[PDB]
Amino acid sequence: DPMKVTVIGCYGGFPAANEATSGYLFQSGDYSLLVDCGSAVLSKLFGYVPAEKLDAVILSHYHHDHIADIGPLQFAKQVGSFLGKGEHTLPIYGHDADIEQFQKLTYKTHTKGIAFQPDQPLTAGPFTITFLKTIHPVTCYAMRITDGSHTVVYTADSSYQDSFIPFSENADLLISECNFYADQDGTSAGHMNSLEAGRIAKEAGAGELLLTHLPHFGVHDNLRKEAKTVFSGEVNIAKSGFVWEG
């Protein structure tokens, strides 16, 4: 089975009109993993995959734009059980440096929070996930997701660090946050710009680069042109429905 990644939502902070914030659907064969679960992500997700066919969720961090739809997901599982659609508890993986946030992940027998350990590989069906702590105003982890043949790296949210380069080494697809333009400094907000995303893809030898966690001003296509001044491979701008498959 090939690894198939579908962007479900891609705005930073809050949704643009009729769009969504962070959510990425990773699929392999019958396995479905949702990476982050932000604003309007469930609404958009169910157009690709029904709640009962979702096998697991994993959360990079607990900012609203990455977890806003967890509650509604818990209710979706509850309604599924009430309608007889399967009682399998959906695992929701998250870090437990923030205990109060982690405790919200477990809802009756419908969803079960499981703490990932940042120094250990996590198995999720046919995927193996490893983690890198980001530089961000709350605890946040980037993820490297492989199925043994292809490898996708998701930066989650971060300002720039050299450690992203070894972490992302030889990734087929680097999904990098890019909340700021080339002229701007995202350090104080815990975000990166186009040049920084480009630098990671370049020095890591990423197969290609996908820019996401997008801003609500400017010409988004400029983020791609700016990234291409540094990285010579393929660079795309994320949108709901964007599909990568290898």
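A residue's number is simply how far along the shown sequence it sits, counting from 1.
Would 82-90 or 131-139 have the larger average of its C-alpha temperature factors, as given in the entry? Mean C-alpha B-factor is greater for 82-90.
Between the two ranges 213-221 and 64-72, the one averaging a larger CA B factor in the entry: Taking the mean B-factor of the alpha carbons in each, 213-221 is higher.
Please work out which residue in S176, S168, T111, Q103 has the highest C-alpha B-factor recorded for this crystal structure. Largest recorded C-alpha B-factor: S168.
Taking the values exactly as deposited, rank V7 by C-alpha B-factor within its chain and report the matching third: lowest, middle or highest. Within its chain, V7 is a lowest-third residue by C-alpha B-factor, going by the deposited values.
Splitting the chain's C-alpha B-factors into thirds, which one does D162 fall into? Highest third, going by the recorded CA B-factors of the chain.
CA B-factor placement of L34, once the chain's modelled residues are sorted into thirds: Answer is lowest: the recorded C-alpha B-factor places it there.
Ordered by C-alpha B-factor within the chain, which third holds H191? Give me lowest, middle or highest, please. For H191, the deposited C-alpha B-factor lands in the middle third.
Quick one: classify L42 as lowest, middle or highest third of the chain based on its Cα B-factor. For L42, whose C-alpha B-factor we compare with every modelled residue in the chain, the answer is the lowest third.
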